[PDB]
Amino acid sequence: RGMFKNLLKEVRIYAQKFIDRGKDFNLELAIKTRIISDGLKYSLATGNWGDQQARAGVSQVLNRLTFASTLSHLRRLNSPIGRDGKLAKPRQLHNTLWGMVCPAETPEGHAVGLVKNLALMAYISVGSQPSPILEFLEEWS
Amino acid sequence: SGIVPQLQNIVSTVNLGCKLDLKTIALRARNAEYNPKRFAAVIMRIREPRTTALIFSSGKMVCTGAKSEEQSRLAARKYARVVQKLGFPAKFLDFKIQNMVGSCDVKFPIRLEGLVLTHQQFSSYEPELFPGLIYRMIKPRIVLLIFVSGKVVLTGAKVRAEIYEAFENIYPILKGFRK
Amino acid sequence: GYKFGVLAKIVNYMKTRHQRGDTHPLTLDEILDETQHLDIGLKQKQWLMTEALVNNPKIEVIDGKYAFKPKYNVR
Amino acid sequence: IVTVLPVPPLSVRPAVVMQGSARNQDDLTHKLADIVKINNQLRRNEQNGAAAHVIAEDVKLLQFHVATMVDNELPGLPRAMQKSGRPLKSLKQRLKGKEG
Amino acid sequence: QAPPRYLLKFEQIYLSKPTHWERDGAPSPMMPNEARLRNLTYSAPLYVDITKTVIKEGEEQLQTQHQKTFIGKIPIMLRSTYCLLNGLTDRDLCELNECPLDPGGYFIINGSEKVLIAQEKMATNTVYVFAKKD
Amino acid sequence: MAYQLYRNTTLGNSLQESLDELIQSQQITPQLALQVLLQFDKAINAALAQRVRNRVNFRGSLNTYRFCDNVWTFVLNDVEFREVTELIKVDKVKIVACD
Amino acid sequence: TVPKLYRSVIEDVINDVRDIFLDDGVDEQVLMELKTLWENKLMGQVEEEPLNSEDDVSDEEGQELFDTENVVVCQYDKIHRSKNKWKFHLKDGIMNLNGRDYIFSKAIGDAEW
Amino acid sequence: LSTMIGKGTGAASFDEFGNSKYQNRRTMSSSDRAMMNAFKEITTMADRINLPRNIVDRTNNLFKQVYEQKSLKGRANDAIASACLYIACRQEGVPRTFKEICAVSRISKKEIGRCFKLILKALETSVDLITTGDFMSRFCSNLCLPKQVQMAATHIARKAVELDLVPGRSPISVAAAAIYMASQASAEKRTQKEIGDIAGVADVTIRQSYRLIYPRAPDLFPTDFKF
Amino acid sequence: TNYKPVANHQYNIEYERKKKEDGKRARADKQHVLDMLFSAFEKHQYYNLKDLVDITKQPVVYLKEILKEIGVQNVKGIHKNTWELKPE
């Protein structure tokens, strides 16, 4: 979304620069293919989640050491609570993590309780438009 | 060689030595065409030499289309007579030939790819720009247009002997690449 | 436009007339003859008489007529 | 109050390697190049004679650059940074703290 | 704006299988193992139809349906439906020099196997009441 | 203050002679005659531009050609006007054109 | 056909000059009188300075002076050069061929020099 | 050697009208600005036809040599840019046609031709003459044709070049003619319009090459093709 | 069918075609351009140089040379230093 906004801003500047002089413009050269192809690459490569103060360490090199390591790295979560902060409450195992997240799986050290990975039976809901439920409820009383 | 090139046009610039009114010439000359929105000069043709020339307000004549140097000289003299017949004190000063074009046929096809392979420092051949090879040697100031059909065009010369010597210095080179 | 365009065509004409050596002053109508301004307005006439030809430092009032000022200029 | 700025030697701010032909310099060297550029611009503009507001904004800019050469972590002014992030390592960032 | 008025409107988004373009410019399907060994980026080119409507203040609204234009590449997550390894048998996976027991779900960028860890935040659009004890 | 091309025709000559006859009787001022010529030129230009929807062809040989301030002054000898309804033979024509 | 176009031209003329006649105070009647008259009239030289050594390098200059022959009044859109000929593209124009008034909207022609 | 002044964190740097009073002056000479804009144009031009970055870096090398040669100031930097792109595509043995560069550039074919002529005259380098076999792989692959069609078309093109049926014909025309040869002999078939779309040569030029290459057809084909 | 090899862009060939018949601005005589500039001055007091070039339809350097004699630059801090068509 942010990068498509950037692309639209860029093609707007190009179209203005060749419309103030008073002629038509070719659409093929107008769209900079550099933007989308490079920024997603940059963000997945570096792990910095923005156009370079944003979130860091979102993307990691996959842990090909054993098959269990690969699975546990792919099914991992991550809390944004500042890992160096000398807190106590958010790191504790909470009652609602029953079958949601493994109670045993936790890294050692400064990230104890901030990093955790899914249990065997935990499907994260991917999303749905609420329009059918809304019109369904509108049909009823 | 047995073949000499034949000229088609000779560009000669001469100075009348006096300022002229282009609008007055356009209103009074017999074969006048002057459009300020297209170009800064007035064009003039005549048919018996079959030659074209153009005039700037600076007083300078550029003539092209002649078949010989004497032909260009007579054409420039006739154009000077025409422009002085309109009431302007035109003279005939510092006459000089600046370019000549000749054309010839060698009557055999040429492998141009080999010619640019052995003369890459002098030749440039790109089919997508122009189908004929451009050749640019050093001690002549001349560019040659060698084509697959055998037609060879000489352009850039100052004198006629330049045309001959630039022909017979490339003819033995061109002989080795006969199809 | 109107009332503000003819004054330039008066002043450049009288300047060029002075450049020809015509030091003698000229009346309003005499200047209006060759400046193709015969249809000029009466309010423009009185505006030229009372403000436009006295405020400039190049116009001299000689015996009721109007002329150049070569004395103020350097010659 | 400082009126002459002591440039450190090449030992304090040396040039690093990369693949080789880069010869990247220290952040102090880059900021001191900026300092010399702004100081030369001010010194020529003193008798070239721009407006008073031009001299005021330029001496304020040189104030900011000398300050961020000395102290960078201070509140208020924006941090002086290289191209593409990486806020440059001033003298506070070289003396104080764990890796100082 | 300039008077003539140009309006660009975007439309249906096409995505193709991941391709690689070599020095001569030959588009070919790119293996995931080919992406790992050559340090390539597994990505697919993305296409959009754009309608360009013209206005010249003389009722000549004749838009051009400018067809599928190339705007970038999205890095493809392996073994998703929009990947080359989607719905492949074990024999075809072994013929492609890719492990049939490989779980997938990870991108290839510069040949490095990059994975996104699920971040987590407080839920949007829902009201909380907290008691700040200070 | 217009194109002023149709004045040197038979129609323009007839109108100019008629205006001369009115001027010699002191019926109208010459300024009115010039205004009438101007309006006639505009009217004939508009009528030719609008109401004419036919095509003609011609062939010939050129001897002298001329251009001065967007005005052509061609001459043509041995001219054959060819049209789908009639063919006309004429020894010499002079062509004038402006824009 | 051509006389009907002439009557249309006369109608446009008498329609277009009413505002001028009311503007300058000229009475209407003169217009009608004008139309009546308008309907009645038709129906080794080493010293190169002298150039007098050559003569008879010109044709007759009276062709433009006479204007007795057919004069074609027209307008041009594009005229193009082809090393031999002039390509013609003409919009609406008029002729006077042997007294008869001809008319056209488009014309394609060529000429040789 | 420079530094960028970023956005202020604290509000103490803001003036009464905002504007933060401290921003990057970004002078960096004129010539460096021109080189930076040119490199941006080269990257966004070469990404459109998906060139590898080695050709981009070679293009930048040629552009820097030309810009420091100081002979082509009278022409638009974009013309020198696309000319250097053509030179770098030529020098890697993977040449593109002029029309392919013109498609991804704002510049006419005349200007790029003249600029290429002035680059070869000025920088004093020699480039290899194009052969038909360089374009064959790109044309077949972009037309989505299999390997046997590729080999047959390349053999047809090289045989037509060496046997001399086509004096002075452009290699692009006979290359697309070999494409049409290999296309109109198998299950898959390609129309003249598609060939002109992928090659840039006009359909008349394809018919000219067709009608001139059509005699002696089995000799141009390879040993086996499965007719 | 993306980035199809084309000898000249459609916008480019239309613009280059349109620069043939509109023509370059011919250098005119001084009296006509003076009449044009004072007639334009009658409409409005101030003008921008690019607007004067468009209305008068004359070469920039020539129009600048003519108006240097009679017009004069006055500084305006609101947008830029512009010209005055008034002789005084």
# chains A, B, ... in the order shown; residues from 1 in each chain; ligands from 1
call {"tool": "residues_around", "arguments": {"residues": "segment 8-22 of chain D", "least_positions_apart": "5", "cutoff": "12 Å", "atoms": "only C-alpha atoms", "output": "number ranges by chain"}}
result
D: 27-32, 69, 89-91, 94
call {"tool": "residues_around", "arguments": {"residues": "segment 53-66 of chain I", "least_positions_apart": "5", "cutoff": "12 Å", "atoms": "only C-alpha atoms", "output": "PyMOL selection string"}}
result
(chain B and resi 37) or (chain I and resi 22-41+43+47-48+71-73+83-85+87)
call {"tool": "select_by_dssp", "arguments": {"residues": "chain B", "states": "strand (DSSP E)", "output": "ChimeraX atom specification"}}
result
/B:6-15,33-34,42-46,51-55,60-64,93-105,123-124,133-135,143-146,151-155
call {"tool": "residues_around", "arguments": {"residues": "residue 108 of chain B", "least_positions_apart": "3", "cutoff": "12 Å", "atoms": "only C-alpha atoms", "output": "list in words"}}
result
residues 104, 105, 111, 146, 147, 148, 149, 150, 151, 152, 171, 174, 175, 176, 177, 178 and 179 of chain B
call {"tool": "interface_residues", "arguments": {"of": "chain B", "to": "chain G", "cutoff": "7 Å", "atoms": "only C-alpha atoms", "output": "JSON, numbers by chain"}}
result
{"B": [81, 91, 92]}
call {"tool": "write_last_selection", "arguments": {"atoms": "C-alpha atoms", "output": "PDB file, in the first residue's frame"}}
result
ATOM      1  CA  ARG B  81      23.728  39.830 -62.001  1.00  0.00           C
ATOM      2  CA  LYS B  91      30.001  42.574 -55.947  1.00  0.00           C
ATOM      3  CA  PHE B  92      31.828  39.253 -56.402  1.00  0.00           C
TER       4      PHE B  92
END
call {"tool": "select_by_dssp", "arguments": {"residues": "segment 34-67 of chain I", "states": "alpha helix (DSSP H)", "output": "PyMOL selection string"}}
result
chain I and resi 34-43+49-56+60-67
call {"tool": "residues_around", "arguments": {"residues": "residue 60 of chain E", "least_positions_apart": "5", "cutoff": "12 Å", "atoms": "only C-alpha atoms", "output": "VMD selection string"}}
result
chain E and resid 4 to 6 53 to 55
call {"tool": "residues_around", "arguments": {"residues": "residue 45 of chain A", "least_positions_apart": "4", "cutoff": "10 Å", "atoms": "only C-alpha atoms", "output": "PyMOL selection string"}}
result
(chain A and resi 39-41+59-61) or (chain E and resi 41+107-115)
call {"tool": "residues_around", "arguments": {"residues": "residue 57 of chain C", "least_positions_apart": "5", "cutoff": "12 Å", "atoms": "only C-alpha atoms", "output": "PDB file with N, CA and C atoms, in the first residue's frame"}}
result
ATOM      1  N   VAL C  11       4.621  60.598 -26.395  1.00  0.00           N
ATOM      2  CA  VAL C  11       5.938  60.935 -25.859  1.00  0.00           C
ATOM      3  C   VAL C  11       7.056  60.386 -26.747  1.00  0.00           C
ATOM      4  N   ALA C  52      -0.317  65.232 -17.282  1.00  0.00           N
ATOM      5  CA  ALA C  52       0.581  64.297 -17.954  1.00  0.00           C
ATOM      6  C   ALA C  52       1.767  64.998 -18.602  1.00  0.00           C
ATOM      7  N   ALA C  67       7.345  71.481 -25.271  1.00  0.00           N
ATOM      8  CA  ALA C  67       8.559  71.144 -26.001  1.00  0.00           C
ATOM      9  C   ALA C  67       9.388  70.157 -25.189  1.00  0.00           C
ATOM     10  N   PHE C  68      10.569  69.839 -25.713  1.00  0.00           N
ATOM     11  CA  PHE C  68      11.536  68.992 -25.035  1.00  0.00           C
ATOM     12  C   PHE C  68      12.291  69.804 -23.983  1.00  0.00           C
ATOM     13  N   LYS C  69      13.083  69.104 -23.168  1.00  0.00           N
ATOM     14  CA  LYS C  69      13.958  69.727 -22.179  1.00  0.00           C
ATOM     15  C   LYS C  69      15.397  69.296 -22.442  1.00  0.00           C
ATOM     16  N   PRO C  70      16.069  69.910 -23.424  1.00  0.00           N
ATOM     17  CA  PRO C  70      17.486  69.594 -23.643  1.00  0.00           C
ATOM     18  C   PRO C  70      18.408  70.267 -22.645  1.00  0.00           C
ATOM     19  N   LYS C  71      17.927  71.279 -21.919  1.00  0.00           N
ATOM     20  CA  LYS C  71      18.766  71.958 -20.936  1.00  0.00           C
ATOM     21  C   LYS C  71      18.965  71.097 -19.695  1.00  0.00           C
ATOM     22  N   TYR C  72      17.906  70.419 -19.241  1.00  0.00           N
ATOM     23  CA  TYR C  72      18.041  69.495 -18.119  1.00  0.00           C
ATOM     24  C   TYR C  72      18.896  68.293 -18.501  1.00  0.00           C
ATOM     25  N   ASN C  73      18.719  67.781 -19.715  1.00  0.00           N
ATOM     26  CA  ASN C  73      19.563  66.704 -20.201  1.00  0.00           C
ATOM     27  C   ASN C  73      20.964  67.224 -20.507  1.00  0.00           C
TER      28      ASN C  73
ATOM     29  N   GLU I  88       8.265  55.036 -18.558  1.00  0.00           N
ATOM     30  CA  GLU I  88       8.835  55.670 -17.376  1.00  0.00           C
ATOM     31  C   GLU I  88       8.647  54.779 -16.152  1.00  0.00           C
TER      32      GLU I  88
END
call {"tool": "residues_around", "arguments": {"residues": "segment 93-105 of chain G", "least_positions_apart": "3", "cutoff": "10 Å", "atoms": "only C-alpha atoms", "output": "MDAnalysis selection string"}}
result
(chainID F and resid 6 9:11 45 48:57 81 88:90 93 95 97) or (chainID G and resid 2:3 69:76 90)
call {"tool": "atom_distance", "arguments": {"atom1": "atom CA of residue 97 of chain A", "atom2": "atom CA of residue 103 of chain E"}}
result
25.0 Å
call {"tool": "atom_distance", "arguments": {"atom1": "atom CA of residue 103 of chain H", "atom2": "atom CA of residue 1 of chain I"}}
result
11.5 Å
call {"tool": "interface_residues", "arguments": {"of": "chain D", "to": "chain A", "cutoff": "12 Å", "atoms": "only C-alpha atoms", "output": "PyMOL selection string"}}
result
chain D and resi 83-87
call {"tool": "write_last_selection", "arguments": {"atoms": "C-alpha atoms", "output": "PDB file, in the first residue's frame"}}
result
ATOM      1  CA  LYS D  83      23.354   9.424   3.201  1.00  0.00           C
ATOM      2  CA  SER D  84      20.932   6.502   3.840  1.00  0.00           C
ATOM      3  CA  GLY D  85      20.485   6.628   7.626  1.00  0.00           C
ATOM      4  CA  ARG D  86      23.317   5.818  10.048  1.00  0.00           C
ATOM      5  CA  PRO D  87      23.487   8.901  12.379  1.00  0.00           C
TER       6      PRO D  87
END
call {"tool": "interface_residues", "arguments": {"of": "chain C", "to": "chain I", "cutoff": "10 Å", "atoms": "only C-alpha atoms", "output": "PyMOL selection string"}}
result
chain C and resi 1-6+8-9+11-12+56
call {"tool": "atom_distance", "arguments": {"atom1": "atom CA of residue 198 of chain H", "atom2": "atom CA of residue 4 of chain I"}}
result
6.6 Å
call {"tool": "interface_residues", "arguments": {"of": "chain B", "to": "chain H", "cutoff": "8 Å", "atoms": "only C-alpha atoms", "output": "PyMOL selection string"}}
result
chain B and resi 113+120-121+125-129+131-132+147-148
